[PDB]
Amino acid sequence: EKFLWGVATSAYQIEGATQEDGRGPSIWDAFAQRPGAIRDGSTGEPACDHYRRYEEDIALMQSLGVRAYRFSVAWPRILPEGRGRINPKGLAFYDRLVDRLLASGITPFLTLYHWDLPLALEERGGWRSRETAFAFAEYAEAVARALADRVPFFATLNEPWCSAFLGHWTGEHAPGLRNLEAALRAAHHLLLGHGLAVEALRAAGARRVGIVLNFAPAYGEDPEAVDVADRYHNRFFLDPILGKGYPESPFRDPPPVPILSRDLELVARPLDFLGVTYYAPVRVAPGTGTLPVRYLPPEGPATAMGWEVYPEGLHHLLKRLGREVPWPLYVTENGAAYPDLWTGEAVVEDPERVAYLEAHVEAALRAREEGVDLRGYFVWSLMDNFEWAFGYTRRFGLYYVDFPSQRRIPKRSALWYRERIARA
């Protein structure tokens, strides 16, 4: 069957309409109000105005020949308080979105949580509180009841490492905590929510259920430093999902984690796929504190994020996952931010982005030719959007967005992808 050539977005990053049609606030709504949290002082309002413009956006995907569209459902559009009351206008929006995708020949590839936890849940402890896992499963069930007749793929979480560690340890993401115990509680309740949601999704009819993990394959001279980095970036969530329990803690004297008996058996429920997010490797040397690794500077060209461009790392990563994971893999996000400027021309020339995608597609197809059960590849992103703590200062899109007109202008990378999908 068909390799899913796709593009990916998330709800808070693109939709806008933050306060319309009964949407409740998210942690990112409250976080973006804090001075210094977002680099340019911006928020997800209006973002790309996709809640209004999704029909034109879907025509943009169809014009490139994209066969799948990875997107998230904004929990607070569906349950404005995170639990109980349902918002029928939220569900109607995603219901209409899916019908338009199907009518365009595009496979919906739906993420349930892409970081926008309902603010009402955060007020009761968010992912630090075990109840949030159960709230998450009831949300997952409400979404599949409405959408699983037409949406084949549901991923429970997107990048729980970011939600746990950026969100609760480094403070760079919502809800902006800086506490290792909180991050470890959050990591565990994310996983538990995942496990609970898998069985709620299958009881509601979801045909393929998975999770999306990010990975940063680690390289260095000292195997012990490489191994501490590997446990933190790559094994922390994947090992529990594979039924191997947590890996040995990468942290020195970690605080306790509220693991109840049988939690890990829920976490390791059978899935249909693993989503693999990859942007860059980490290069590490022996370090010393709570997390004893020193991160080294990029060994090659880097993007506007400072992230090293190392397409062979996606190959190494897929070959490893392909031996260890007993389900098909989808590269559910891969992309690069380079400075784009539009001064009115009909195409934004982004040769460095094009170069980055071409070499990463080549690495991934090579992993597949060497035996890996890799069934799709999704570019981050369809279009420039709100990049979390970077706001609108970093652009990953195949389409440039002139935010004030909300016009979408194709980049060379959009044309490169269109031809790439047609060749394949």
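Numbering starts at 1 and runs along the sequence shown.
Remark: stretch with higher mean C-alpha B factor among 405-413 and 6-14 is 405-413. The mean C-alpha temperature factor is higher for 100-108 when 330-338 and 100-108 are set side by side. Comparing the listed residues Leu382, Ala68, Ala30, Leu365, the entry records the largest Cα B-factor for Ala30. As recorded in the entry, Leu60 carries the highest CA temperature factor of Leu398, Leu60, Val372, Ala359. Per-chain ranking of the deposited C-alpha B factor places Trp307 in the highest third.
For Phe378, the recorded CA temperature factor ranks within the lowest third of the chain's modelled residues. Residue-level temperature factors show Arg262 in the highest third of its chain, judged at the C-alpha atom. When the modelled residues of the chain are ordered by C-alpha B-factor, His168 sits in the middle third.
For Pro297, the recorded CA B-factor ranks within the highest third of the chain. Only modelled residues enter the ranking.
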